[PDB]
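The data below hold one chain only, encoded as structure tokens and taken in the form described as "closed state" in its entry title.
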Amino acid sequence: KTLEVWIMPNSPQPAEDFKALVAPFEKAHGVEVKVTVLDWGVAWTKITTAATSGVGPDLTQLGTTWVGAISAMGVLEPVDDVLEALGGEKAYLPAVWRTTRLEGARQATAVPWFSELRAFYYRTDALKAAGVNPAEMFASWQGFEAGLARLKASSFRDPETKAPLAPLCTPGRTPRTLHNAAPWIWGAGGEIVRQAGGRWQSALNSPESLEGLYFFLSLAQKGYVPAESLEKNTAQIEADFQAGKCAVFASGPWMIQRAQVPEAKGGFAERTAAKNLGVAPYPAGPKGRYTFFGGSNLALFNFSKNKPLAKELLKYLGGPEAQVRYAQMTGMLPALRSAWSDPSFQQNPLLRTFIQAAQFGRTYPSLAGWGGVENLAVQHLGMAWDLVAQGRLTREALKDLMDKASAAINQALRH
């Protein structure tokens, strides 16, 4: 007997970790679980192709932000039974509970697998050499920019590269998602979409969203982010932080685990950045402190011929044993609230900072059109970043891009 599962690259050796995670299940049920790893860059397309075509695995990993869109296509098995067997609504953070379905849906269509939220990794050696107290830098927008100015003026040089560090690296090339931008939007008291009456509408062109976007994008126009870094994607900026080329950058808690794994095994433990590694929350904006909170769930296709066995595997993967183990393997946080209290997560000082930052975590709504909204947003924000790279992003040009972004988004949401 056989299950097929699709997962994204959650850990250094994604197939092998997942295989080791499900071995006791394989033993106890006399079944083989076959796993296929999809790059995040391709996963949306493969998962919607499976959904329209009726050809795919029994189970797929789904990003929390995708659950609504795939559910609304009507292709997922209800999983209220699994969620009840795992302790129902009470067993989850309300933000995690809301990702188990398309907003307004009767039935749950995804089981929470792991959670993830964003914070600033920083070079403790580079901040110390620049005279930056991280508690000041990461308290506020004003502290953040004062710190980047200090990092820019620093005479510090990385002991291996023998070169200066950029103060901040953020990608300006393939903005797949708004994850990087959202906290600046939210911090200014903006939103990506707003519900008024029944209807969702873009708020990317609200004065608040525009203040936050302009603040963020203009840091690179002020020289805190080098030219180089606006022609790079997320994976390259990650590599650049690891290679000792930036003082500060925004990512999720998986980097903590990668910092403890040798180069040889797909980590960066040998690098100066790994041995001089700090974590601070996003600074509080003028209307409050937010960070992107997400993660991945697991869903069962309703065209599967292995539904009961697939539900047994969902129970196992959402359950306390596997929740703690997979979080360890991947460096993500568990989706199951109880598993947060495992000492292995409380005792890592960097992870403790991610856990405290979860208080200000903020999710996207679980909308049916969410794929097209995010896709339309990043396409126009892309063009904003191209203005930055030529030193031509004005508040007015940004308003124009976001007005158009908003027309396009409102049009898709009317569908």
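Rigid core here is just the name for the largest C-alpha set that superposes within 1.5 Å across the two forms. Numbers for residues come from their place in the sequence shown, where the first is 1.
There is another form of this protein, the form described as "open state" in its entry title, and it is not shown here; the text below is about that form.
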(Q) Only one of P207, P308, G131, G288 crosses a C-alpha shift of 2 angstroms between the shown form and the other one, counting 2 angstroms or more, core aligned. Which residue? (A) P308
Q | Core fit, then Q142 C-alpha moves 2 Å or more between the shown form and the other one | A | no
Q: Once the core is aligned, please say if the CA of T36 is shifted by at least 2 angstroms between the shown form and the other one.
A: yes
**Q.** Large Cα move at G54 between the shown form and the other one, threshold 2 Å, rigid core
**A.** yes
Q | Closer or farther in that other deposited form, the Cα atoms of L277 and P9, when the shift from this form is 3 Å or more | A | farther
Q) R289 to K90, Cα distance in that other deposited form relative to here: closer or farther, by 3 Å or more? A) closer
